[PDB]
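First, one chain by itself: the form deposited in one PDB entry, in structure tokens.
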């Protein structure tokens, strides 16, 4: 499998470093942000399906799914949205403008929670995670895995190790030891009900209970 390496733009590498290092208190906002991206990605596939309902056939169910993996200290956020082609992942760039604007607003004293308003709320995941894999499948393209440690370099490899998505995106968040509360059914239920009431799509939570 060929791991293509790429370097992050200097503004993107500095944004990633700011968030991963910050002390922000309301770190739970990351979930609103990722859910909001997943909901938007679903809106995008649903729009195409208004024209062409064959676009939905790669994964007919439209959903956001939250999958804690206590064994691996991993929280996965999966959507069956539009997904991202390999070219998308290697060049993901409205980010450039929103990264600069958001950085200016932070100087003026904006709170970290305003990140979504500048369109770069994906990077809020580094509040609770030190490393991240992003697995994506766009309809007319193959399934790839993007990877970043918040440094200045990310990889994009063909996906030969993860479950097939059918269509969409799954973020594998490698949580920090301080933020392992977000693997908890009850803690995750709190954050979702608080900040994502108005989501057109089912937010499914996967829970592994032992049969007694």
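For clarity, a rigid core is taken as the largest C-alpha set superposing within 1.5 Å between two forms. Residue numbers count along the first chain shown, from 1.
- In the deposited entry, the stretch joining residue 92 to residue 93 is interrupted by 1 to 3 residues of the deposited sequence lacking coordinates.
- Remark: stretch with higher mean C-alpha B factor among 200 to 208 and 15 to 23 is 15 to 23.
- When the two stretches 94 to 102 and 131 to 139 are set side by side, the higher mean Cα temperature factor goes to 94 to 102.
- For the set 42, 50, 170, 180, the PDB entry assigns the largest Cα B-factor to 50.
- Remark: of 37, 155, 55, 69, 55 shows the highest value [criterion: C-alpha B-factor in the PDB entry].
- Remark: residue 161 belongs to the middle third of its chain, ranked by C-alpha B-factor as recorded.
- In the PDB entry, residue 84 places in the middle third of its chain by CA B-factor.
- Remark: residue 107 belongs to the highest third of its chain, ranked by C-alpha B-factor as recorded.
- Per the deposited record, the Cα B-factor of residue 114 falls in the highest third when ranked against the other modelled residues of its chain.
Another form, the form deposited in another entry, is not on view; read the next lines as being about it.
- The Cα shift for residue 101 between the shown form and the other one, taken after rigid core superposition, is 2 angstroms or larger.
- Annotation: Cα of residue 10 displaced by at least 2 Å between the shown form and the other one, core superposition.
- If you fit the rigid core between the shown form and the other one, you'll see the Cα of residue 188 move by less than 2 angstroms.
- CA of residue 14 to CA of residue 179: closer by 3 Å or more in the other entry than in the shown form.
- Compared with the form shown here, the Cα atoms of residue 21 and residue 27 sit 3 Å or more closer together in the other entry.
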